[PDB]
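Engineer:
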Ligand SMILES: [Co+2]
Ligand SMILES: [Co+2]
Ligand SMILES: [Co+2]
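Numbering (PDB author numbering), first residue to last: 129 to 154, 237 to 283, 301 to 605, 606C, 607 to 666, 671 to 679.
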């Protein structure tokens, strides 16, 4: 009487298979879900239940599309459609492996990374350490990561958030990259006191240097020029506090305090990246807006759907969101080259010189954010999220890379420190090499 729908498969943008079903026998005939790559992208793909329906991940959230509908006799069986992801399996495999050995080397609790296509915001790689293997029983893997923290697990971004302040002061004509400023070692603002992570008297930092050296005081002084209302607007336009609509189960919206609810001290914390939370995808999505000449395209992981006959429907593209002008975006890309610039005399070195790749205009921002102590309701003093986000390249944006490390003891390469910059170096460099992309004057971060 019953005519079974054949489960559709999940494939990457080039039709490389991630999940597919084959026929077998045992309740006599029995279909088997194959995952040829094992843990590859299984944070996204998910896994199967005993009945052959989705258990978690996209297998679950797109089950209706993938399972089809059983026929009868007369009602035709509707076989499952094939789901085409924006993932590139080669990029995903490299990134997923590098994320695991950044976790091993740095001693972090966990590590995640997102690679977006610069122009479309398509998700080319999304990875966390400790990924489960859906070709194996779920009950054996309680020590594994079974979900997708890159979309589900918000954190406070720290100084990586300073892209919002940089974007607002340039977009509103309030400063320029070469403006020589006067930055004291500390400021009192909205009832509180904010220090730079190093002691110093008044320094002649350029606006470029404020972001290249990651001066909190400099950032807040420039943010005073913007004001809370224009700053909050830009937060919202960069997409923070809102789900992206990426097409993955369990996405978190993050948290941005509405302006009508700020305390006297909110404006002293938000521009430097404390007092708000975002997912790794939102964070990378911010840098995609600047990479795409100021036009934010919400990220997407589903590329198209293929019906059982073989006809393909592309996923509808989300609408553009103009965050800043193309002129603003290009100026911010160039300023962020200062973060990766080297200077043996020290004066003109950014915070992330190991993130630079010689021959390329790499641009990015380093981050360190205190986590909240569960037992006191107050910040830990030596527990941090380490963040990095960057663009390959500033003059030719192709890839946007976002990284977070949960409280590492060392760099992502295993050297002393607490920086995600070497992980960005590895990934962005490998992306340039494999596409055979071929190879000006130093930026001024500090006047005299
Ligand atoms: Co009927
Ligand atoms: Co240390
Ligand atoms: Co290298």
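Built from N, CA and C at the ideal position, the CB exists for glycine as well.
From the DSSP output, in three-state form, read off residue 471 for me.
Structural biologist: Coil at residue 471, not helix or strand.
Engineer: Starting from residue 151 and walking both ways along the alpha helix (DSSP H), at which residues does that stretch end?
Structural biologist: Where residue 151 is concerned, there is no enclosing alpha helix (DSSP H), although the beta strand (DSSP E) it sits in stretches over 145 to 153.
Engineer: So, at 8 Å on beta carbons, what are the nonlocal neighbours of residue 152 in its own chain, with the 5 sequence-adjacent residues on each side left out?
Structural biologist: 240, 241 and 242, listed in sequence order.
Engineer: Report all residues from its chain with a CB closer than 7 Å to the CB of residue 398; omit the five preceding and five following residues, and keep chain order.
Structural biologist: If we look at residue 398 and ignore the five residues flanking it on each side, its Cβ neighbours are 551, 552 and 555.
Engineer: If you draw a straight line from the alpha carbon of residue 479 to that of residue 509, how long is it in whole angstroms?
Structural biologist: Distance between the alpha carbons of residue 479 and residue 509: 10 Å.
Engineer: Residue 593 and residue 386 - do their beta-carbons sit closer together than 8 Å?
Structural biologist: Going by C-beta atoms, residue 386 is nearer than 8 Å to residue 593.
Engineer: Once DSSP output is grouped into helix, strand and coil, what is the label at residue 400?
Structural biologist: Coil, per DSSP.
Engineer: Can the beta-carbon of residue 566 be found closer than 8 Å to that of residue 439?
Structural biologist: Yes, the pair counts as a contact, with Cβ atoms nearer than the cut-off.
Engineer: Using 8 Å as the Cβ pair cut-off and three pairs as the minimum, do the stretch 135 to 145 and the stretch 312 to 319 touch?
Structural biologist: With a cut-off of 8 Å, the stretch 312 to 319 and the stretch 135 to 145 count as touching, because enough Cβ pairs lie within range.
Engineer: Would residue 374 and residue 477 qualify as a contact pair, given that the criterion is a beta-carbon distance under 8 Å?
Structural biologist: Cβ distance < 8 Å, so residue 374 and residue 477 count as in contact.
Engineer: Excluding five sequence neighbours on each side, which residues of the same chain lie with their C-beta closer than 6 Å to the C-beta of residue 275?
Structural biologist: Closer than 6 Å at the Cβ level, and outside the excluded window around residue 275, lie 308.
Engineer: Does any heavy atom of ligand 3 sit closer than 7 Å to the C-beta of residue 706?
Structural biologist: The requested residue 706 does not occur in the structure, where the chain is confined to residues 129 to 679.
Engineer: In the DSSP assignment, find the unbroken beta strand (DSSP E) run with residue 351 in it and report its ends.
Structural biologist: 350 to 355 is the extent of the beta strand (DSSP E) around residue 351.
Engineer: Can you give me the Cβ contacts of residue 639 inside the same chain, cut-off strictly under 6 Å, excluding the 5 residues immediately before and after it?
Structural biologist: Cβ neighbours of residue 639 beyond the five flanking positions: 329, 333, 647, 649 and 650.
Engineer: Does the beta carbon of residue 652 fall short of 7 Å from some heavy atom of ligand 4?
Structural biologist: Looking for ligand 4 in the displayed structure turns up nothing; the ligands present are ligand 1, ligand 2 and ligand 3.
Engineer: If we call anything under 8 Å between Cβ atoms a contact, is residue 583 one with residue 561?
Structural biologist: Their beta carbons are not under 8 Å apart, which means residue 583 does not touch residue 561 by this criterion.
Engineer: Comparing C-alpha positions only, which one of 622, 423, 428 and 129 sits nearest to residue 446?
Structural biologist: Taking only the C-alpha atoms, the option nearest residue 446 is 423.
Engineer: When you compare only the Cα positions, how much space is there between residue 474 and residue 575?
Structural biologist: Whole-angstrom Cα-Cα distance: 42 Å.
Engineer: Quick check on the DSSP output: what are the complete beta strand (DSSP E) runs of length 3 or more inside the stretch 473 to 535, in order along the chain?
Structural biologist: Listed in chain order, they are 529 to 533.
Engineer: For the alpha helix (DSSP H) that residue 554 lies in, which residues bound it at each end?
Structural biologist: 553 to 562 is the span of the alpha helix (DSSP H), which, as asked, contains residue 554.
Engineer: Report the residue from 606C, 252 and 493 whose alpha carbon sits nearest the alpha carbon of residue 267.
Structural biologist: Answer by Cα proximity: 252.
Engineer: Would you check if the stretch 349 to 365 and the stretch 516 to 527 touch, i.e. whether three or more CB-CB distances between them fall below 8 Å?
Structural biologist: Because the criterion of three Cβ pairs below 8 Å is met, the stretch 516 to 527 and the stretch 349 to 365 touch.
Engineer: Between the alpha carbons of residue 653 and residue 470, how many angstroms are there, rounded?
Structural biologist: Distance between the alpha carbons of residue 653 and residue 470 is about 29 Å.
Engineer: Which value, in whole angstroms, describes the spacing of the CA atoms of residue 534 and residue 367?
Structural biologist: When rounded, the distance between both Cα atoms is 35 Å.
Engineer: Is any heavy atom of ligand 2 found at a distance shorter than 7 Å from the C-beta of residue 645?
Structural biologist: Yes, ligand 2 has a heavy atom inside 7 Å of this Cβ.
Engineer: If I'm right that residue 310 touches residue 272 with Cβ under 8 Å, what's the distance once you round it to whole angstroms?
Structural biologist: Indeed, because the Cβ distance is near 6 Å, the residues count as touching under 8 Å.
Engineer: Beta-carbon within less than 6 Å of residue 149's beta-carbon, same chain only, minus the 5 sequence neighbours each way: which residues are those?
Structural biologist: So the qualifying residues of the chain are 135, 241 and 243.
Engineer: Would you call the CB atoms of residue 265 and residue 365 closer than 8 Å?
Structural biologist: Cβ atoms of residue 265 and residue 365: closer than 8 Å.
Engineer: Report yes if the C-beta distance between residue 495 and residue 416 is below 8 Å; otherwise report no.
Structural biologist: Their beta carbons are under 8 Å apart, which means residue 495 touches residue 416 by this criterion.
Engineer: In the DSSP output, which residue or residues are listed as bridge partners for residue 541?
Structural biologist: Answer is 531, bridged to residue 541.
Engineer: Give a yes or no on whether the C-beta atoms belonging to residue 675 and residue 435 are separated by under 8 Å.
Structural biologist: Cβ atoms of residue 675 and residue 435: closer than 8 Å.
Engineer: What are the boundary residues of the alpha helix (DSSP H) that residue 271 is part of?
Structural biologist: Residue 271 -> alpha helix (DSSP H) spans 267 to 271.
Engineer: For residue 652, does the three-state DSSP call read helix, strand or coil?
Structural biologist: Helix, per DSSP.
Engineer: Apart from the five residues just before and just after residue 300, which ones in its own chain have a Cβ nearer than 6 Å to its Cβ?
Structural biologist: Since the model of the chain includes 283 and then 301 but nothing between them, residue 300 has no atomic positions to report.
Engineer: May I ask you to report which of helix, strand or coil DSSP gives residue 458?
Structural biologist: In the structure shown, residue 458 sits in a helix (DSSP, three-state: H, G or I).
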